[PDB]
Structures are given as structure tokens and as C-alpha cells.
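The block underneath contains the structure these notes are about, expressed in C-alpha cells.
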């Protein structure tokens, strides 16, 4: 999930944009 | 400002700015 991808590890814009509608 | 450890309100704020009017979904439990 987003917590493992961007909180537990460093995030990118690539992955943040996977949670936009 | 997206390339760091973003947790809690800090990650929700990043989804908010990057996503804009498209909106987003925050599902921390998977």
C-alpha cells in the first residue's frame, strides 16, 4: 500500500499519482 | 517535495496537492 510505498519507504510522484481518481 | 518519507497528514497533504481536482483515495490498511 501507499503506507509501505511512501511512509515506510521513500515515495515518488509516479506512485503518488496512482492514488488520484 | 514528493520524494521523501511522507506519513499521515503529510502524505494526505501531498495527495491533495498533486492530485488537484481529480481527487484521490487514501487507504492506509492496504
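Among what's in the stretch A:1-15 and is free of Cβ contacts under 8 Å to residues at least 12 places away in the same chain, within 7 Å of chain B (Cβ to nearest Cβ) and part of a helix (DSSP H, G or I), pick the residue that is nearest to residue B:23 (Cα to Cα).
As a first pass, look at the stretch A:1-15 and keep what is free of Cβ contacts under 8 Å to residues at least 12 places away in the same chain: A:1, A:3-14.
Cutting the leftovers down to within 7 Å of chain B (Cβ to nearest Cβ) gives us A:1, A:3, A:6-7, A:10-13.
Add one more test, that the residue is part of a helix (DSSP H, G or I), and what stays is A:3, A:6-7, A:13.
Numbers: A:3: 18, A:6: 18, A:7: 20, A:13: 15 Å.
Filtering first and then ranking leaves A:13.
Name every residue in the stretch B:2-15 that is part of a helix (DSSP H, G or I) and either touching a helix residue (DSSP H, G or I) at 6+ places or on another chain (Cβ under 6 Å) or surrounded by 12 or more Cβ atoms within 10 Å (Cβ to Cβ) (or both), in order of residue number. Spell out the reasoning first.
Filtering the stretch B:2-15 for residues part of a helix (DSSP H, G or I) gives B:9-15.
Those that are part of a helix (DSSP H, G or I) and either touching a helix residue (DSSP H, G or I) at 6+ places or on another chain (Cβ under 6 Å) or surrounded by 12 or more Cβ atoms within 10 Å (Cβ to Cβ) (or both): B:10, B:11, B:12, B:13, B:14, B:15.
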Take the residues of the stretch B:16-30 that are in a helix (DSSP H, G or I), out of contact with any helix residue (DSSP H, G or I) (no Cβ under 6 Å at 6 or more places or on another chain) and within 7 Å of chain A (Cβ to nearest Cβ): which is farthest from residue A:9 (Cα to Cα)? B:22
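Backbone-built Cβ (ideal geometry, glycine too); neighbour counts: all protein chains shown. Quick note: the coordinates plus some simple rules give every number you see, no bench work behind them.
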